[PDB]
Amino acid sequence: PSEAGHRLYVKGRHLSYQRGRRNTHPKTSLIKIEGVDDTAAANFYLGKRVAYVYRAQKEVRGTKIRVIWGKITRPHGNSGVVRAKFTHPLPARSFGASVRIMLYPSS
Amino acid sequence: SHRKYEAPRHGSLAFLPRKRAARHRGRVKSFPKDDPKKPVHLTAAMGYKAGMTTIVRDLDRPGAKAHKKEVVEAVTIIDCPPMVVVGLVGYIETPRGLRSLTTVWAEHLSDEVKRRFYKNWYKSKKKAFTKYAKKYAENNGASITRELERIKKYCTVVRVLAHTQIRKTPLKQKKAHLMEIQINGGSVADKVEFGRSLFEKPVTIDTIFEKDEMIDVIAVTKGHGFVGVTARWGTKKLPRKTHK
Amino acid sequence: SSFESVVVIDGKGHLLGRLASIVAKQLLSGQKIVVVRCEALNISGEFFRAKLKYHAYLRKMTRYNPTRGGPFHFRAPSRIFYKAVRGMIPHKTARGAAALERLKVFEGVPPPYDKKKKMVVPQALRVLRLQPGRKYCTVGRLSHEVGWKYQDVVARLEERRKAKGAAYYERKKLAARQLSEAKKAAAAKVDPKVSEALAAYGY
Amino acid sequence: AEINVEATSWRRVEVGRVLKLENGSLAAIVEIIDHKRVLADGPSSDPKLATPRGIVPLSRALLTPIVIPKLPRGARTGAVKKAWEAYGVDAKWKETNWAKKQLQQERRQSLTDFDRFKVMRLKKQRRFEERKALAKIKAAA
Amino acid sequence: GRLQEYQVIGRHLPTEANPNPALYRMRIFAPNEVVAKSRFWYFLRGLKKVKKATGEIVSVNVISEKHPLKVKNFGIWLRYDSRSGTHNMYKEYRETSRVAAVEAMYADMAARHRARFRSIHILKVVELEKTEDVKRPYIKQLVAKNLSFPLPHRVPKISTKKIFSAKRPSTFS
Amino acid sequence: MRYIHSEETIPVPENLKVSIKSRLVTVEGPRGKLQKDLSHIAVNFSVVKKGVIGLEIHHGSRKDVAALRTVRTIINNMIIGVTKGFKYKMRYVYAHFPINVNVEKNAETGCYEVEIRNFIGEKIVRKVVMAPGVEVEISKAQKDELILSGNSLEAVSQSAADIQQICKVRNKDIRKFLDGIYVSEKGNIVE
RNA sequence: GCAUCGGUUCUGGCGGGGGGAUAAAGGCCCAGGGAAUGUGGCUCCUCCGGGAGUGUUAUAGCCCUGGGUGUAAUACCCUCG
RNA sequence: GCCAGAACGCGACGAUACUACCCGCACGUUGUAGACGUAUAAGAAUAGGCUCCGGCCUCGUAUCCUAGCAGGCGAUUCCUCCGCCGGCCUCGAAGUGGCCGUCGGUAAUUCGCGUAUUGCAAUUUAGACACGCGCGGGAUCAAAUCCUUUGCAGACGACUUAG
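As documented in the archive entry, the model was determined using cryo-EM at 3.0 Å resolution.

S.K.: Lay out the nonpolar core in plain terms, naming residues and giving numbers.
M.R.: Counting residues in each nonpolar core, the largest one holds 26 residues, and the members touching the most others are C:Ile33, C:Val35, C:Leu41, C:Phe81 and E:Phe164. Looking at this core, the elements with two or more residues in it are β1 (7–10), α1 (16–29), β2 (33–36), α3 (77–87), α4 (94–100) and β4 (103–105) of chain C. Looking at this core, the element that brings in the most residues is α1(C), giving eight residues. Among residues more than four places away in sequence, those in contact with C:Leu41 are C:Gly11, C:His14, C:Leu16, C:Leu19, C:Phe81, C:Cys137, C:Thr138 and C:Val139. The next biggest cluster of nonpolar side chains, apart from the first, holds 22 residues, and it includes F:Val43, F:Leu55, F:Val71 and F:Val82.

S.K.: Give a description of the sheet that holds β1(C) that names residues and reports values.
M.R.: Residues and elements named next belong to chain C. With parallel pairing, three strands are arranged side by side in an open sheet as β1-β2-β4. The sheet terminates laterally at β1 and β4, the two strands that pair on one side only. Taking each pair of neighbouring strands and ignoring which way they run, the sheet shows an average axis angle of 20 degrees.

S.K.: Break down the packing of aromatic side chains for me, with residues and values.
M.R.: Within this structure, the stated rule accounts for 13 aromatic pairs over all chains. Arranged with centres 5.1 Å apart and planes meeting at 75 degrees, the rings of A:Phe44 and A:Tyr45 form a pair that is edge-to-face. Of the residues examined, A:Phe44 reaches a relative accessible area of 54% and is grouped as exposed. Relative accessible area serves as the criterion here: at 18%, A:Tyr45 is assigned to the buried category. Measuring from centroid to centroid gives 5.8 Å for B:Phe129 and B:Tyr132, while their planes differ by 65 degrees, and the two rings are edge-to-face. A relative accessible area of 16% places B:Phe129 in the buried class.

S.K.: Requested: an account of the protein's contact with RNA strand H, with residues and values cited.
M.R.: The local shell around RNA strand H holds 120 residues, among which A:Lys11, A:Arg100, B:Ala128, C:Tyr169 and C:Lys172 are the closest. B:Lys175 is positioned such that a nitrogen or oxygen atom in its backbone is 3.3 Å from a phosphate oxygen of RNA strand H. Within the side chain of C:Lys172, a nitrogen or oxygen atom sits 2.3 Å from a phosphate oxygen of RNA strand H. For the surface near RNA strand H, the element with the highest residue contribution is helix α7 (residues 151–186) of chain C, accounting for 11 residues. For the surface near RNA strand H, the residue count by class is 36 nonpolar, 33 polar and 51 charged.

S.K.: Let's hear about the interface of chain F and chain D: which residues, and what values?
M.R.: Every contact between the two is made by 18 residues of chain F and, on the other side, 10 residues of chain D. Note on chain F versus chain D: buried area summed over both sides is about 1100 Å², and carbon and sulfur give 61% of it. For the interface between chain F and chain D, the tally reads one salt bridge. Notably, a salt bridge pairs D:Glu2 with F:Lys17, separated by 3.7 Å at the nearest N-O pair. Those elements giving two or more residues to the side of chain F that touches chain D turn out to be β2 (17–21) and β5 (44–49) of chain F. For the side of chain F that touches chain D, the element with the highest residue contribution is β2(F), accounting for five residues. Its residues placed into classes, the side of chain F that touches chain D shows nine nonpolar, five polar and four charged. Inspection of the sheet shows strand β1 (residues 3–6) of chain D paired to β2(F) by four bridges, in the parallel sense. Bridging across to β2(F), D:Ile3 finds its partner in F:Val18.

Rules used throughout
- Residues numbered from 1 in each chain as written, not as in the entry; some residues may be left out.
- Chains lettered and ligands numbered in written order.
- Part of a larger assembly, values for the part shown.
- Heavy atoms only, no water.
- Core = buried A, V, L, I, M, F, W, Y, C linked by side-chain atoms within 4.5 Å.
- Buried < 20%, exposed > 50% of the residue type's maximum accessible area, 1.4 Å probe, protein only.
- Helix = DSSP H or I, 4+ residues; strand = E, 2+ residues; numbered from the N terminus.
- Contact = heavy atoms within 4.5 Å.
- Pairing = 2+ DSSP bridges.
- Axes fitted to C-alpha atoms, helices over the stretch in contact; angles between N-to-C directions.
- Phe/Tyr/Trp six-rings, centres within 6.5 Å; stacked < 30°, edge-to-face > 60°.
- Near = heavy atom within 4 Å.
- Polar contact = N/O pair within 3.5 Å; in protein donor to acceptor, adjacent residues only side chain to side chain.
- Nonpolar A, V, L, I, M, F, W, Y, C, P; charged D, E, K, R; others polar.
- Buried area = accessible area lost by both parts, 1.4 Å probe.
- Salt bridge = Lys/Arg side-chain N within 4 Å of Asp/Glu carboxyl O.

Quick look at the structure:
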């Protein structure tokens, strides 16, 4: 009975920071969106929020799972990459990790 | 500036690592190429070196200066008591080389071989192949007769494990030596059945080799402790009035 | 653009450099790649020029000790392809080392990876990139002559695999025949209005 | 002297062919400017198939199996339109395999969220009948 | 660049010994009506003793093609500079507008002779009136009776971001 | 400058058959079968009339159009070869030392092998192995004549060249020492 | 976290106005003149696809000059929301 | 052919006491370059192919699966689909799949009860790999080093041997 799934977000990957050729700026990060190619499509997800969830070792308040919150700001390039700002810069070891992208602030 | 007078090189770089051998028994690294139209036969043996002596014979070499006259040549004597087959192994081909996948030993083993799998044989319990023997006389060797079919089906070369009878020599050692010998038979079915027949029965060297034919010899040379450059490579000595 | 668990690339018919570049981006992104049949890659140009380029490679070696530090010249087609990929990754860092651990390369089709779906990268296919009239070669032939030993073993192993994959094809054809014929007989039995409803929605 | 040759056969670029552009538009060739570019026009009543007059690069067209018979080269929009209606190009292209497949494409994209639910349930009902039939033939073998 | 044909009208400043000077007209291909005037002065300084500081500009207009949907053959007479001298040239083109011919000629010269835009003079452009006065063979082939030709081995177009196709493409489109 | 259409034709006599598939030509007549693989050339084959073969190239360059006439004569040679065969003749030339030849047919390998002895009074014995399908003979109409014959012109000519190239003089004047086996006339078997 | 604002800024869509040969072209109509990569007819060779010659709209059409409904539409530049 | 053998490359085999080994679940410290439908097996040509031979068809924008307190309790109604076990065949490139049987679950159609209060959002703590622990069942009762000795070996270690 009801063997279907439960997903209400779009999955993305954390590629890199924003950088020149020899300098990096950990303030903003770049994320790869599932299914968008042109920059016209990427216009949909401006303003939405994104979450990065990971496991820890100790437990603080009935949980061993932490979260960092951010939002999408503007498009990037011609291929659909977008920029994002989080309340804390991402840990710089999560290059290639997966993040969740909600749909909260809608239409 | 260039070297004034030229000269060849001292020593050879082909035999480059001049270190003590890793193992005391010689290592056959390649067997003769297989030919599937001959009859089954072994391709190696092993013995002990006794000494040297001198002979005299008459030469048959048309066109030489010593044709049909008496010459004096040196020879060496190797002492070769018979060997005893113990088992056989089968190898298959892989994109990374050859590899073995099965072994099948004989029912009864000798104290000579069993002494090889131990370093302190005196204060031991000598339980080498005790439980393996129970494979025999259990469901009529079912487990034994399945491995042999596997070699018949998958394998492409077969080798025989053999050991010497060191008790028949004047040596003080009692630990036998064990090695492998490849069969160049004619078909995988033939060369596994022939191997089975020779289990726990001696084979003499006159069935292996034959007179006036050419062979190869593998061994480990004599030892010298730790020598200087003049003797190791063979370079000229410096003048008598050299300091330091 | 999608994120699969593991993707299997069939190497036959691709260009060496034009495939390593695509693949080297995926590894750093976070994907997992498995390259199969590297014996059958391609290189643009003519075969003799590939020889000369490789001979000039074989001449580089540390002078004072050829057993340390010197460029070690691997001879197998997978290792040739692997060298190309390692050129395009900062392999001297932990990030680059981690990326390389997400790659596997083989000759032929090993047991775990046959009976799988093999993808194709159309931005590197020879029949789509090169111009008709020019010449090309094959890494398999190149590697055999610089001293690779296992050409015939892999040749006959592949022959066995493709022989097994013929009875399998007949089962697929039989299965398809039954599904198609069942549809023709079952569509008319009981389907008053569902058919037109689906046809209007586009199915 | 029997000869059996099994080779390929493409569709030619001539006067009378109708190209299919990317934005679902049709045009008819009137004169071949060059190897890579041609001059073409499609007059059509349907505002989806009509196209202006201009030059079109051949690297952005598809050769369809329709060809207007005996179209004089360099013709004008008026004369080409007469031949278009007399041959019935738009009517002929409607039933072509490319059209049917193209028509399905927009319908699928138009399914509303509620419609997606209904088609999913409807598919199950048809599937159930098909599953029974397959079992009967498979068991009988 | 993206060119257009201008008519430019200029004159020497009138003086007491010579009121009402003569008027000179030229046809100039240029991207905009600023370089149009500059080209006019450059070509005039080499023919008659007139500067720009001692002259004035009477008019500048745009000439548009008279039948930009008809195909026609062109012949161009030009002169250019090599690395070791000057030479004369004559080439032919087949298209629908005079402006494009100058576009095509500039690309062709820059490719085949490494002649930049700096060193080229356009003596005359004229569209070939009849068909029998075509000389070059690379266009004579393009005006044959009942022309038709297939297009073999044309790659299909695939999205530059759709990696990992699932079947072998085909070039028989 | 690329030509828009280059076309050539080939007439076929009504005594044989020809089939083309993936650039694999097969010709069969009253003397056997021959095969060739033209996968390295981009050509379009087609049937113009009931007895005419056609082959064409579109939008080819100068270096590429050159290869059409080559293909034509290759396929023509196959057609003529199957219906009329080929036949080469070779002659001996020596001043003092006579040349001796032996021709023995190999059994279980089919092909022939020649044997040249006493060349310019030489003590070595040199052996050459012909190609499959060619038949070697010693003439009976003239003296010191060899006769090579077969079905495929390429093999016949290449086999003749092997014999000619094996017999060379070294460290002498080739203007004065004119010894060797040479070719003297090329033609067909029939007519 | 949401709603209503102020400053800076990026990015989409819609309604108008002006200019040039008061765009050039283009569709329909009227008047005049030309040819060919010559339509339909006619003659000639082949039954084997078709090819060759004459000749100015017929059973297809094209080019050049002037005018009409036109203060036509649209492309380009500028501008008010 | 010949020489060395990665001291972080790999295989076959012999004997394995001490909880070191095997089987079942029972939790839960503790680990991970990073599950959330982690679903899709022909080979070959690209100036030619596939096929249920109708002759049909050639751009994964595809096919399969997809409802129910994170998915309860009963009913009408259909023999479809899924899973643990057990028995036979088969699989060696780095060994995998198939058939049969018992058992457990199961909207293709239509209904009847329960959901509230987490208060207007806050990871949907839940997947598979190893590792440490606790029980209760089976099998099993080994070696190595020091020490003495030899000299086919040796600067000392190491090595070939004997007890």
